[PDB]
Structures are given as C-alpha cells and as structure tokens.
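Undergrad: Before we start, here is the structure in question, set down as structure tokens.
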Amino acid sequence: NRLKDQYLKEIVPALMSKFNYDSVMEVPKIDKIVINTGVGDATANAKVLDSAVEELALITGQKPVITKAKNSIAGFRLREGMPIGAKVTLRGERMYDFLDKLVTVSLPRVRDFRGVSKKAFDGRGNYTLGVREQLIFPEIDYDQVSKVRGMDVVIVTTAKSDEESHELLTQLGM
Amino acid sequence: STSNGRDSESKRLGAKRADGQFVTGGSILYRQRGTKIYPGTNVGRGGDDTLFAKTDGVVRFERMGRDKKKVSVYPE
Amino acid sequence: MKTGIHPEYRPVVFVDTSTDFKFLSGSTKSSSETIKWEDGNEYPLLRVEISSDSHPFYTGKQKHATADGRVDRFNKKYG
Amino acid sequence: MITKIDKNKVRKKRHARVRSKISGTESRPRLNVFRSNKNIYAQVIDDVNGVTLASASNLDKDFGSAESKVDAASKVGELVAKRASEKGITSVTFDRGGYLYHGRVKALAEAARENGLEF
Amino acid sequence: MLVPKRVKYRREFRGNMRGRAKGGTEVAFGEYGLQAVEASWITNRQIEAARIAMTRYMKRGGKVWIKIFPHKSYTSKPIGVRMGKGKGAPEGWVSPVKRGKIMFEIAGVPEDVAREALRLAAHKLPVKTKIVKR
Amino acid sequence: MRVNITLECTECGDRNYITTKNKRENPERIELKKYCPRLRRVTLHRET
RNA sequence: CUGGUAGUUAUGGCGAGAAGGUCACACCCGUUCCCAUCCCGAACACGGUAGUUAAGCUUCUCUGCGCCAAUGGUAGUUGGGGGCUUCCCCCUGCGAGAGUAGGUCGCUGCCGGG
RNA sequence: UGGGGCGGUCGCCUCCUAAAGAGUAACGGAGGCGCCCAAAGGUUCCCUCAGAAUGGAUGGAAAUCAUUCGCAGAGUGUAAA
RNA sequence: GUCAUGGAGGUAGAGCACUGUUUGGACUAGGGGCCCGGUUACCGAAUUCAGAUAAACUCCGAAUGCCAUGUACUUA
Ligand SMILES: [Mg+2]
Ligand SMILES: [Mg+2]
Ligand SMILES: [Mg+2]
Ligand SMILES: [Mg+2]
Ligand SMILES: [Mg+2]
Ligand SMILES: [Mg+2]
Ligand SMILES: [Mg+2]
Ligand SMILES: [Mg+2]
Ligand SMILES: [Mg+2]
Ligand SMILES: [Zn+2]
C-alpha cells in the first residue's frame, strides 16, 4: 500500500525534473503484473498442473485461470485444448503490495544474489523477470513443496522506451 | 487407363431478369453460390443464396461501394 | 472481485529478525500470530530471514570476504 | 508501453452492429441515445430523410434533476417522450446505441415507455 | 538441362504462338542479343547445345544470359498404340518463343567474338534469328 | 452408431416425429417438447 | 466554434509536423450501491470532479505511401477481301492493359449548446 | 468400346475444356460422395485470426505469458469453386 | 431488322496485386569444408533491386454475342 504513496509523492517529482516531461500524465507508471507458469510436462499427469494452480492461488491471493494449448504439436505429444499453464493478473493495490514484497523480501532469498539482469528488456519499456525456484517467495514452505518449478513475473509499464523504465524501476527499488 | 471421366451436371446459375424489366413479386432474379450480388431494396436472399423479388416493380442492378453490387426492385 | 473463489488475504506486518527492520505488507499466509504496529495494524508478526537490508545486491554489503595476491602471498609465505 | 484503446471507437463498432437491423422511417422513427460521463442525450431520427424529429438532453431549459444522474435519465426520457408526442410521434424503435440495456439507458427507455411512446 | 523442380499439373495444353512477343523484345542486361524472327518451340536440349557452343567460343570470358525457360511439358505415345485410352506420358520440356523475342545476351567481349559466338549458337536452333545491339 | 428414431406423444401415444441420434453419445431415450397436432399444443415427446 | 447523428467508389485512407480547450467531449478519482471478470472495477456497470491537454478529439501544412485520372499511340477484334496457312497481310467501325499530363491531406444534410 | 476380346467404366457433387448470358462431346485433364453434429441447430450478448520480432525458462526452432507489426498471408465438420 | 438507352457475364489482350514455375545482382539468418569463431561461394532459407511465365493465376479488361425498355423507323 505504501509503495504507491512513495511512488506518487517522491518518485513522480524526480521523474518530472529528470525527464522534463511536458504534462503530468506523461510520467510512466506500472500498469499490470502478470505471472505465468508452464506445465508442458503435465501432458500425462494432470495433477501436478492442479498442484501448481493452488500454489499460484496461495502465493498471489487470486485463483489463476488455467490456460489451454492453442496447437497440437506432435513433438511435445500435444493436442489442442490440453490445459497447459496458469496466470494471475495483478491490477491496483494487489500489484503494488506484491511488488513491494517481491523487491524487499523475495529477491533477498535467491541462492546466488548478485543482482537482477540489466538486459532483460523487450525493447519497449516492459521488464520480464525469470525467477526459477519455488519458495523464493517466503509464504510457501519447504514441506509443502512437491516439485521445484519456476515462474515468470512480468511487469508492464507505460514508459515508451527502455531507459526511463530502467530509472523508474531503480527508483522503486529493483 | 483414364482414371478420370466424371463430372457433375450444370446448375443453370446466372441472372434470370434484366435491368428495367417489370417483375412480379416472388420471382427469382439471380441464382448464385455465396454472395456475388447482395439483396438491395424489396428483394430477399434465399436458403441457397438466390435473390427473389418481395414486391412487384422494376428491377435495377445497382452498385454499392467500390467492389460490390446489389439488386433492388422499385414500384412503378 | 468474485467472492468465494479466492484464498484469504488478511493484512500482515513483517519483521526482520536479522536487524529488527519493521515492514508492512499484507500476505495470504495467516502464520498464527498477532501484533499491532503503526497506530494500529493488528496482524500476525510474521518472522523472516534476511531482508533487502542485508543482502549483497539489495544492500551495501561491503566485503563479507577477502581477496588474494598470490605473488604477494608467495612473498609473504616464503619470506 | 501499452496501447490504451479509445472506448468510443469500439462503441461505434457495436453501434454499427446494432444499426444493421434498426433504421427509423417516416412512420416508425428511431430513438437514439448517446451517453457521456457528465450526462445523457436523446434524439429521434428518421433515416429515409436523415432529419431529427425531436430531441432532448440534460442541458434543457429547466432540466431539473440531480439525484444520482439516473433520475436525470428518467427526466430526459419523459421530456423527450412529451416533445415527440407533441409532434405526433407515437411508434418508434429504441436504438440501443452500442451500450448495454442495463443502467441509464434502461432508465431512459422505461421513462419513455411510461408515456405515450410505443416500442 | 533446365527442368522445373515441381509442377502443379503433369499434363498441359499445347497452346498457340500468335502475335508478337509479350515482353523481352528489348535487350536489357548485355549489349548483344539474338532475336527470334519467327515463332517456334525451343526445347531444353537445343538451349543447352546453343549455350555450350556460345560459351566455348568465348573461352569462358564475358557473361551469358538465357532469357527463356522450358516451363511447358509435352507428352507422346508409343508405336503400335491406337487412339484413345487417356493421354500419353510426359517426355520433354519446351519454351514457346514468339517472334521478336530476345533469348540470348552476351556482354564483356568485343564485336568480333560476340558476333561469331551468336552466329555459332544460332545454327543449333530451329528458328530464324538476327543479331541486335543495345 | 447413427440410427433412425421415432418420437411419440406421452399424452396421446401418437408417433408424431422421426429423427436421428447417436447410440454412443446419447444411449438414453431422448426427451423433446414438440407440437402435437391432435391436441394442438406443445407436449413432451419421448423416443420409443 | 463545438457536441451528436446520416449520405457520398480513399480525390474521403495511411504517415509525418504544429496548435487548442473541463463551454462540449476526454483522460481522470473511487467501488457502498444496480452490474461484471473461466482470475483481475483492465473491460462492463455504477458513484464524483482533485488534476492535465500527455493521448483521443479538433484545426492547420505536405504527395512520403496510397487512391482517382486524361489526350495521343499500340495490342485485340465484329464485317468485307487476299496469301507463300506453327501463321500473315489489306479496308472500314469499335478500342483496351501498362506508362504519363494532371488531381487529392475531402464534399454535402439535420438537431442541441456556445 | 477408334473391330471384338483382356483391362477400365456405369448413380451423385466441385473445377478446367466451354469460345466474357444459359447450355455444349471424347476410353479428355484433376479431385470427392453412399456421411457427421443433441451441438457442429435456434436466439440474445460479447470479440478477431496466421505469422514474425524482442523478454525471460524448467522447455530446445516449435508448448504457456508480455509489448509491437499484422486486410486475412487464418478459419469456415468434409473434396473443389 | 436497325437506332437510342440500361444491365448481367471475366473470353482475347495485358499484368504480377494473390497462387504455382523462373533468371541475374546485393545481402543473405546457416549448413559442409580450409581452417583459427574467421576464410565461406560448395550449396546458402527469408528480404530487397531488376527481368520473365500460366487451361484449372487475376489488381485489370475489350470487340462481338445475350437480356430488356421505347413513344423511333422499317418489315411479316
Ligand atoms: Mg458443374
Ligand atoms: Mg440457412
Ligand atoms: Mg439447408
Ligand atoms: Mg487507360
Ligand atoms: Mg458460359
Ligand atoms: Mg459464349
Ligand atoms: Mg471414385
Ligand atoms: Mg459453424
Ligand atoms: Mg493470354
Ligand atoms: Zn398429444
């Protein structure tokens, strides 16, 4: 909750008199956070998919929606409509609180904590993080862990290019 | 020898009434697959995409925008 | 916010046992505790390991280690 | 960088989808509704000649209604109903306008029906 | 020999060769050309023979352009076979050449050798030709 | 597989309609509300 | 001047550059209420005007892409007549496609406010 | 039935031949049918495809997400128009 | 029968905007070698410049023929 307050009270003036924006709404902000998982290995056993589903529901606060395959690639022993993956979309208070938790207590848990990648930008102002260990987030426990598997947290920002997104993220604390 | 040799029979498609002709209601004006001619005013599209007159009048083959046509019937 | 299909998300207050660093951010896990902070935030006192205030990349960790000189060590060891 | 679409354009697309069946005539003109953040507008149109037979809005002479901007919709509906009835219009088709028949649009439609307009 | 790598349909109509060449009447790549004066079918074997004769004379100097390709295929029947019972089996590839078409171009050699190489090539083709400049 | 079926009125017992169904996906008798000519109203028709 | 709503084959579209305003329209703030998300007040819906023209919108300039488009000539061809007949030629009438001169950053109707 | 026999074919649908209305033959050139769907039908409401580029992965060229370009390069139970 | 007017329909021709076939040039993302990833031409997919081709290709498109209207002029 607070992180939004500091964003709109101190980071906003900094972006103002750092980028010389014409009007107020030209300052970039964070639009949504989308988290994705892949269960392509759950082609036969459909229960590990479910386990990951309650994992995501527990870890975010909202139940994910199960995603279905759009093709029937034979290389991956696939048929169209097979349920693969899940996603949770954060928009508003949940987004800010989750990002605050991620930056202040989740990141200082990776086994080799040297710093997030400085070249993980899609080229248009959106950052994609690639944590690949389950209980990097403190909420879930080691005993409840049934299969170590990664995650894809994606941050979507209104900035029009990479660099100002970089400074916005550093201002937030990434 | 000659694995070919089969063909269907022709369905007599085309236009059955001319532009400017007085037409009785309910009579077919254009037989066709799909929609080559759209139904205009006072004409309707049938089950197999034929166009028929919904009232007595004078046939007029008109033009919609750049690349489409339509047929309509105008009472005299 | 569809009802009856979401897990509980009651607020919680974080505390860092490493350096007594208070923090407030609601979490799904109940953790079976109770503590009120900042003019009233009665919620679980969720303990945690090191936070960003002590991690290497997330804080100003200075050395936590040393270096080598080899030829210096050879000169020091041999004499 | 996200493309925030203009809601009015997709509203235009839905309105065009609606209008493929509704087209007011001389005998049965079309009642059209446009909704803005502030207020509501209503118009009666025949499409054979493309003229507005009657109209009403929230910026009329009296236009006295403020409770929750939905009694405003009811007042607009009743006022346009009276104005259209004065000109001799009694049978119309309600053009939805691309919105949903749920809130202010629904209230305006019911207010119009409460008076001498037949849908 | 030039043969298409793939064909949609195996059998084709023979066609006709009325009128002037639709395109290619004017030399564009090289500065010497061999222009057809009348219309005829040119097979790929004749094209190969003409190209070999043209290239050997120049001692593999200069450049050669072939402006035609045998797209069309023709069929034939064996001996002792009556008329009927389907169409024959394909045998070769042809390029129907209309009059006024330029089918060979040469660059990088002087007048004498270019003219003599074109003259040598023209004797391998079943069509009357003439030499043109750019 | 696909077979022909008959639908009779429950009130009258008159076989009023014929249709088709798949014995595999629809192994049960089919219930449909159709219009009965004799009574001149909609009744419930069950497969025989 | 603006908001709404129609007609017209893009000469009306796409792109680039500039300006303006809460009078209208917008972005905008919030989810108790009607309503809603295979999750998310993003959207739909509802409730308000703190802030801003950054975007939509509106106006202004262009030929960059696109679209329209001549005149002349040519291909083809109905009718008549000849050759040396894979085809070719002559007379009369019709007459393209491509290329180009050039045009285009729209034109009209109704209603309400200013 | 380019003599008869041997071989092949015999009913229906789609395209070319077919000569810019309809029709038009050959043991001419290519393919399909003798079903399927209780929703793959009716109606109301809503929206938009293929592919490529970049970002991270257990997971690779190709599985699931994020932004951009994208007039149909997809789809339309099944052959072609 | 002719004249004037209005239509439907994609042949001849032409064209490359889609689909197949195809030539030369630059770059080719690469593969194999001579190698210490370079050299790549021994082949190079996509892109692009230019130039061709089509009964079952079409952004275009005639002459005739066909269907009608007329109160026009002849004619059975
Ligand atoms: Mg047929
Ligand atoms: Mg139908
Ligand atoms: Mg049917
Ligand atoms: Mg022209
Ligand atoms: Mg025909
Ligand atoms: Mg004909
Ligand atoms: Mg068969
Ligand atoms: Mg369907
Ligand atoms: Mg041709
Ligand atoms: Zn009965």
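So you can find residues: chains in the structure tokens are A, B, ... in the order shown, residues in each start at 1, and ligands are numbered from 1 in order.
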List all protein, DNA and RNA residues that have at least one atom no more than 9 Å from any atom of ligand 5, counting only C-alpha atoms (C1' of nucleotides) and all ligand atoms, and write them as a ChimeraX atom specification.

TA: /H:18,20-23 /I:9

Undergrad: Just write the chosen residues, C-alpha atoms (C1' of nucleotides), as a PDB file, in the first residue's frame.

TA:
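part.pdb, freshly written:
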```
ATOM      1  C1'   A H  18     -16.546 -24.164 -72.530  1.00  0.00           C
ATOM      2  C1'   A H  20     -16.835 -12.797 -71.054  1.00  0.00           C
ATOM      3  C1'   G H  21     -25.695 -14.926 -70.609  1.00  0.00           C
ATOM      4  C1'   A H  22     -27.633 -20.381 -70.201  1.00  0.00           C
ATOM      5  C1'   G H  23     -26.214 -24.927 -72.486  1.00  0.00           C
TER       6        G H  23
ATOM      7  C1'   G I   9     -21.450 -12.079 -67.509  1.00  0.00           C
TER       8        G I   9
END
```

Undergrad: Excluding same-chain residues fewer than 4 positions from residue 2 of chain F, what lies within 7 Å of it counting only C-alpha atoms (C1' of nucleotides), as a PDB file with N, CA, C and O atoms, in the first residue's frame?

TA:
```pdb
ATOM      1  N   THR F  20     -32.885 -38.600 -35.904  1.00  0.00           N
ATOM      2  CA  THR F  20     -31.726 -39.467 -35.769  1.00  0.00           C
ATOM      3  C   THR F  20     -30.958 -39.098 -34.509  1.00  0.00           C
ATOM      4  O   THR F  20     -31.034 -37.973 -34.016  1.00  0.00           O
ATOM      5  N   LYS F  21     -30.204 -40.065 -33.995  1.00  0.00           N
ATOM      6  CA  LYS F  21     -29.357 -39.839 -32.836  1.00  0.00           C
ATOM      7  C   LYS F  21     -28.210 -40.838 -32.863  1.00  0.00           C
ATOM      8  O   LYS F  21     -28.245 -41.835 -33.584  1.00  0.00           O
ATOM      9  N   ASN F  22     -27.197 -40.566 -32.053  1.00  0.00           N
ATOM     10  CA  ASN F  22     -26.042 -41.440 -31.919  1.00  0.00           C
ATOM     11  C   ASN F  22     -26.218 -42.316 -30.688  1.00  0.00           C
ATOM     12  O   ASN F  22     -26.367 -41.804 -29.575  1.00  0.00           O
ATOM     13  N   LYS F  23     -26.198 -43.634 -30.889  1.00  0.00           N
ATOM     14  CA  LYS F  23     -26.382 -44.553 -29.774  1.00  0.00           C
ATOM     15  C   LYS F  23     -25.241 -44.494 -28.772  1.00  0.00           C
ATOM     16  O   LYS F  23     -25.406 -44.957 -27.639  1.00  0.00           O
TER      17      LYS F  23
END
```

Undergrad: What are the residues of chain G that have an atom within 10 Å of an atom of chain E, counting only C-alpha atoms (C1' of nucleotides), as a list in words?

TA: residues 75, 86, 87 and 88 of chain G

Undergrad: Residues of the last selection are to be written out with N, CA, C and O atoms (P, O5', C5', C4', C3', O3' and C1' of nucleotides), as a PDB file, in the first residue's frame.

TA:
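Final output, again-v4.pdb:
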```pdb
ATOM      1  P     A G  75      -0.888  -2.703 -83.249  1.00  0.00           P
ATOM      2  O5'   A G  75      -1.258  -3.635 -82.017  1.00  0.00           O
ATOM      3  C5'   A G  75      -0.293  -4.498 -81.438  1.00  0.00           C
ATOM      4  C4'   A G  75      -0.863  -5.258 -80.268  1.00  0.00           C
ATOM      5  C3'   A G  75      -2.078  -6.121 -80.556  1.00  0.00           C
ATOM      6  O3'   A G  75      -1.752  -7.363 -81.150  1.00  0.00           O
ATOM      7  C1'   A G  75      -2.457  -4.868 -78.600  1.00  0.00           C
ATOM      8  P     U G  86       1.500 -22.800 -90.872  1.00  0.00           P
ATOM      9  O5'   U G  86       0.994 -22.609 -89.374  1.00  0.00           O
ATOM     10  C5'   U G  86       0.525 -23.720 -88.618  1.00  0.00           C
ATOM     11  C4'   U G  86       0.908 -23.617 -87.162  1.00  0.00           C
ATOM     12  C3'   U G  86       0.995 -22.200 -86.599  1.00  0.00           C
ATOM     13  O3'   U G  86       0.511 -22.192 -85.257  1.00  0.00           O
ATOM     14  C1'   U G  86       3.056 -23.304 -86.280  1.00  0.00           C
ATOM     15  P     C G  87      -0.332 -20.939 -84.715  1.00  0.00           P
ATOM     16  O5'   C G  87       0.571 -19.689 -85.102  1.00  0.00           O
ATOM     17  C5'   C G  87       0.019 -18.574 -85.784  1.00  0.00           C
ATOM     18  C4'   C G  87       0.886 -18.152 -86.941  1.00  0.00           C
ATOM     19  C3'   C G  87       0.574 -16.794 -87.541  1.00  0.00           C
ATOM     20  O3'   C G  87       1.119 -15.719 -86.806  1.00  0.00           O
ATOM     21  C1'   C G  87       0.780 -18.369 -89.271  1.00  0.00           C
ATOM     22  P     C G  88       0.342 -14.321 -86.750  1.00  0.00           P
ATOM     23  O5'   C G  88       0.520 -13.725 -88.214  1.00  0.00           O
ATOM     24  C5'   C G  88       1.805 -13.386 -88.711  1.00  0.00           C
ATOM     25  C4'   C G  88       1.758 -12.972 -90.160  1.00  0.00           C
ATOM     26  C3'   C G  88       0.934 -11.743 -90.492  1.00  0.00           C
ATOM     27  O3'   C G  88       1.592 -10.527 -90.183  1.00  0.00           O
ATOM     28  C1'   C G  88       0.493 -13.440 -92.072  1.00  0.00           C
TER      29        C G  88
END
```

Undergrad: At a cut-off of 10 Å around ligand 1, and using only C-alpha atoms (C1' of nucleotides) and all ligand atoms, what residues come up? Please write them as JSON, numbers by chain.

TA: {"B": [7, 8, 9, 10, 11, 12], "H": [13, 14, 15, 81]}

Undergrad: Just the selected residues (N, CA and C atoms (P, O5', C5', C4', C3', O3' and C1' of nucleotides)), exported as a PDB file, in the first residue's frame, please.

TA:
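selection_32.pdb was written with the following content:
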```pdb
ATOM      1  N   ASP B   7     -17.965 -35.920 -64.075  1.00  0.00           N
ATOM      2  CA  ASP B   7     -18.308 -34.523 -63.873  1.00  0.00           C
ATOM      3  C   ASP B   7     -19.752 -34.452 -63.410  1.00  0.00           C
ATOM      4  N   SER B   8     -20.085 -33.371 -62.720  1.00  0.00           N
ATOM      5  CA  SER B   8     -21.432 -33.165 -62.212  1.00  0.00           C
ATOM      6  C   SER B   8     -22.311 -32.641 -63.343  1.00  0.00           C
ATOM      7  N   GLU B   9     -23.523 -32.200 -63.029  1.00  0.00           N
ATOM      8  CA  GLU B   9     -24.358 -31.558 -64.031  1.00  0.00           C
ATOM      9  C   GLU B   9     -24.510 -30.083 -63.693  1.00  0.00           C
ATOM     10  N   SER B  10     -24.645 -29.270 -64.732  1.00  0.00           N
ATOM     11  CA  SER B  10     -24.652 -27.830 -64.558  1.00  0.00           C
ATOM     12  C   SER B  10     -25.952 -27.363 -63.917  1.00  0.00           C
ATOM     13  N   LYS B  11     -25.840 -26.331 -63.083  1.00  0.00           N
ATOM     14  CA  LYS B  11     -26.931 -25.879 -62.236  1.00  0.00           C
ATOM     15  C   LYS B  11     -27.654 -24.655 -62.778  1.00  0.00           C
ATOM     16  N   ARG B  12     -27.310 -24.199 -63.981  1.00  0.00           N
ATOM     17  CA  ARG B  12     -28.019 -23.108 -64.650  1.00  0.00           C
ATOM     18  C   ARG B  12     -28.055 -21.846 -63.791  1.00  0.00           C
TER      19      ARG B  12
ATOM     20  P     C H  13     -25.324 -33.935 -59.406  1.00  0.00           P
ATOM     21  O5'   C H  13     -24.181 -33.562 -58.371  1.00  0.00           O
ATOM     22  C5'   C H  13     -24.482 -32.869 -57.172  1.00  0.00           C
ATOM     23  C4'   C H  13     -23.233 -32.504 -56.415  1.00  0.00           C
ATOM     24  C3'   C H  13     -22.289 -31.543 -57.108  1.00  0.00           C
ATOM     25  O3'   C H  13     -22.692 -30.194 -56.988  1.00  0.00           O
ATOM     26  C1'   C H  13     -21.064 -33.345 -56.198  1.00  0.00           C
ATOM     27  P     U H  14     -22.283 -29.120 -58.105  1.00  0.00           P
ATOM     28  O5'   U H  14     -20.709 -28.993 -57.960  1.00  0.00           O
ATOM     29  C5'   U H  14     -20.155 -28.185 -56.943  1.00  0.00           C
ATOM     30  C4'   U H  14     -18.657 -28.071 -57.053  1.00  0.00           C
ATOM     31  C3'   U H  14     -18.083 -27.639 -58.382  1.00  0.00           C
ATOM     32  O3'   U H  14     -18.243 -26.261 -58.650  1.00  0.00           O
ATOM     33  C1'   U H  14     -16.786 -29.391 -57.498  1.00  0.00           C
ATOM     34  P     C H  15     -18.293 -25.747 -60.169  1.00  0.00           P
ATOM     35  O5'   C H  15     -16.777 -25.793 -60.640  1.00  0.00           O
ATOM     36  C5'   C H  15     -15.804 -24.988 -60.003  1.00  0.00           C
ATOM     37  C4'   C H  15     -14.410 -25.279 -60.495  1.00  0.00           C
ATOM     38  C3'   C H  15     -14.173 -25.187 -61.989  1.00  0.00           C
ATOM     39  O3'   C H  15     -14.071 -23.858 -62.462  1.00  0.00           O
ATOM     40  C1'   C H  15     -13.088 -27.093 -61.129  1.00  0.00           C
ATOM     41  P     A H  81     -10.267 -24.324 -55.442  1.00  0.00           P
ATOM     42  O5'   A H  81     -11.583 -23.581 -55.942  1.00  0.00           O
ATOM     43  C5'   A H  81     -11.825 -23.365 -57.323  1.00  0.00           C
ATOM     44  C4'   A H  81     -13.275 -23.048 -57.590  1.00  0.00           C
ATOM     45  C3'   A H  81     -13.791 -21.740 -57.015  1.00  0.00           C
ATOM     46  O3'   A H  81     -13.507 -20.637 -57.856  1.00  0.00           O
ATOM     47  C1'   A H  81     -15.307 -23.486 -56.510  1.00  0.00           C
TER      48        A H  81
END
```

Undergrad: Please identify all protein, DNA and RNA residues within 9 Å of ligand 4, counting only C-alpha atoms (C1' of nucleotides) and all ligand atoms, and report them as a PDB file with N, CA and C atoms (P, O5', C5', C4', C3', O3' and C1' of nucleotides), in the first residue's frame.

TA:
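So selection.pdb came out as:
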```pdb
ATOM      1  P     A G  69     -10.663   6.146 -62.332  1.00  0.00           P
ATOM      2  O5'   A G  69      -9.883   7.286 -63.121  1.00  0.00           O
ATOM      3  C5'   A G  69     -10.525   8.507 -63.451  1.00  0.00           C
ATOM      4  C4'   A G  69      -9.565   9.484 -64.079  1.00  0.00           C
ATOM      5  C3'   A G  69      -8.857   9.008 -65.332  1.00  0.00           C
ATOM      6  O3'   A G  69      -9.666   9.089 -66.491  1.00  0.00           O
ATOM      7  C1'   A G  69      -7.289  10.000 -63.886  1.00  0.00           C
ATOM      8  P     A G  70      -9.549   7.961 -67.625  1.00  0.00           P
ATOM      9  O5'   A G  70      -8.114   8.216 -68.263  1.00  0.00           O
ATOM     10  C5'   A G  70      -7.988   8.770 -69.562  1.00  0.00           C
ATOM     11  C4'   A G  70      -8.150  10.269 -69.547  1.00  0.00           C
ATOM     12  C3'   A G  70      -7.940  10.962 -70.882  1.00  0.00           C
ATOM     13  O3'   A G  70      -9.095  10.920 -71.702  1.00  0.00           O
ATOM     14  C1'   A G  70      -6.730  12.102 -69.200  1.00  0.00           C
ATOM     15  P     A G  96     -10.719   2.688 -74.886  1.00  0.00           P
ATOM     16  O5'   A G  96      -9.184   2.302 -74.751  1.00  0.00           O
ATOM     17  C5'   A G  96      -8.657   1.830 -73.523  1.00  0.00           C
ATOM     18  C4'   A G  96      -8.927   0.361 -73.334  1.00  0.00           C
ATOM     19  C3'   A G  96      -8.149  -0.322 -72.223  1.00  0.00           C
ATOM     20  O3'   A G  96      -8.708  -0.104 -70.940  1.00  0.00           O
ATOM     21  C1'   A G  96      -8.039  -1.636 -74.172  1.00  0.00           C
ATOM     22  P     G G  97      -7.786   0.413 -69.733  1.00  0.00           P
ATOM     23  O5'   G G  97      -6.662  -0.705 -69.596  1.00  0.00           O
ATOM     24  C5'   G G  97      -6.831  -1.804 -68.717  1.00  0.00           C
ATOM     25  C4'   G G  97      -5.588  -2.651 -68.647  1.00  0.00           C
ATOM     26  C3'   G G  97      -4.329  -1.956 -68.155  1.00  0.00           C
ATOM     27  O3'   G G  97      -4.250  -1.875 -66.744  1.00  0.00           O
ATOM     28  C1'   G G  97      -3.840  -3.146 -70.123  1.00  0.00           C
ATOM     29  P     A G  98      -3.573  -0.603 -66.038  1.00  0.00           P
ATOM     30  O5'   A G  98      -2.067  -0.625 -66.545  1.00  0.00           O
ATOM     31  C5'   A G  98      -1.130  -1.558 -66.029  1.00  0.00           C
ATOM     32  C4'   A G  98       0.193  -1.459 -66.746  1.00  0.00           C
ATOM     33  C3'   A G  98       0.909  -0.125 -66.623  1.00  0.00           C
ATOM     34  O3'   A G  98       1.666  -0.020 -65.432  1.00  0.00           O
ATOM     35  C1'   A G  98       0.842  -0.770 -68.888  1.00  0.00           C
TER      36        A G  98
END
```

Undergrad: Neighbouring residues of residue 67 of chain G were defined as those with any atom within 10 Å, considering only C-alpha atoms (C1' of nucleotides); residues of the same chain fewer than 6 positions away were excluded. Please report them as a PDB file with C-alpha atoms (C1' of nucleotides), in the first residue's frame.

TA:
```pdb
ATOM      1  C1'   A G  10      -9.965   6.589 -50.281  1.00  0.00           C
ATOM      2  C1'   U G  11      -9.971  12.936 -54.702  1.00  0.00           C
ATOM      3  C1'   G G  12     -12.602  10.791 -48.221  1.00  0.00           C
ATOM      4  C1'   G G  13      -7.373   6.190 -46.346  1.00  0.00           C
ATOM      5  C1'   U G 104      -6.232  14.598 -53.940  1.00  0.00           C
TER       6        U G 104
END
```

Undergrad: Within 10 Å of ligand 8, counting only C-alpha atoms (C1' of nucleotides) and all ligand atoms: which residues, as a ChimeraX atom specification?

TA: /H:40-41,76-77

Undergrad: Based on DSSP run over this structure's backbone, return all residues of chain B in strand (DSSP E or B), as a PyMOL selection string.

TA: chain B and resi 14-15+22-23+28-31+37-39+43-45+51-53+57-63+69-74

Undergrad: Skip segment 25-42 of chain F itself and residues of its chain fewer than 4 positions away, then list as a PyMOL selection string all residues within 12 Å of it, counting only C-alpha atoms (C1' of nucleotides).

TA: (chain F and resi 1-3+5-21+46-48) or (chain H and resi 37-39)
